[PDB]
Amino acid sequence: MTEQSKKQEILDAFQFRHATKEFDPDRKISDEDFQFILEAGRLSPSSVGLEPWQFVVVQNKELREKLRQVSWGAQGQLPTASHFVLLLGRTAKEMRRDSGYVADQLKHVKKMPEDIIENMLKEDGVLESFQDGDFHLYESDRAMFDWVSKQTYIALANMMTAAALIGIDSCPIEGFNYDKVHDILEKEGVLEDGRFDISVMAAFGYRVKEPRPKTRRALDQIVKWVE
């Protein structure tokens, strides 16, 4: 398979993916294919390798309906998706140099050596100097959470792209009332005693209609070169 053919195959998948408004309600993604989609999320990169996310697969019909009542952007997708995913981000209290989540992730998952960890997590060490001085994430809980949320959008993109590469449609979803969705998930136990908060949603399934032609700004509008 020539490398030019491979590139065309990949662009074809980027063209195939679209913001699918409704899915076939009688065609379910296989367990294997869906596990593959989740793995694309799991393997995604994240800042400082902290993987500050959780993927909640909402198949429960009552919870889908509770969400649909407060998600203006998901009216066709929530009832019809084969699989529906809440991308949660770790909350601000989970992400600082003295949070237990950070220490356990770096030590037990990333296998960071003890000396490297101490320089990473010391006062005015690598993590704090970056979070505070460089990126100003101590300015509020929201600033820290929105940075977490950016990391979840990498996982979002990779899940939709993986799906599209094997012919499965998706729709990313922000069209929901944050306060009401937060309250629903908090009351349901889904946010795990304030460890998580909702970032973004994603539906997956098979299209029912062909979409309108894709539109984007031109490459020469959006790319600048500094030579």
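Numbers follow the displayed sequence, beginning with 1.
Can you let me know which of the two, 5-13 or 200-208, has the higher average C-alpha B-factor in the entry?
Result: 5-13.
So which stretch wins on mean C-alpha B-factor, 89-97 or 120-128?
Averaged over C-alpha atoms, the B-factors run higher in 120-128.
Compared with the other modelled residues in the chain, in which third is the CA B-factor of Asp115?
According to the entry, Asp115 has a C-alpha B-factor in the chain's highest third.
Ranked against its chain, the third holding the CA B-factor of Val190:
As the PDB entry reports it, the C-alpha B-factor of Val190 lands in the highest third of its chain.
Thinking about Cα B factors across the chain, which third does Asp141 belong to?
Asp141: CA B-factor falls in the middle third of its chain.
Tell me, lowest, middle or highest third: where does the Cα B factor of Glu51 rank within its chain?
Within its chain, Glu51 is a lowest-third residue by C-alpha B-factor, going by the deposited values.
Comparing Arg42 with the other modelled residues of its chain, is its CA B-factor in the lowest, middle or highest third?
It falls in the bottom third of the chain.
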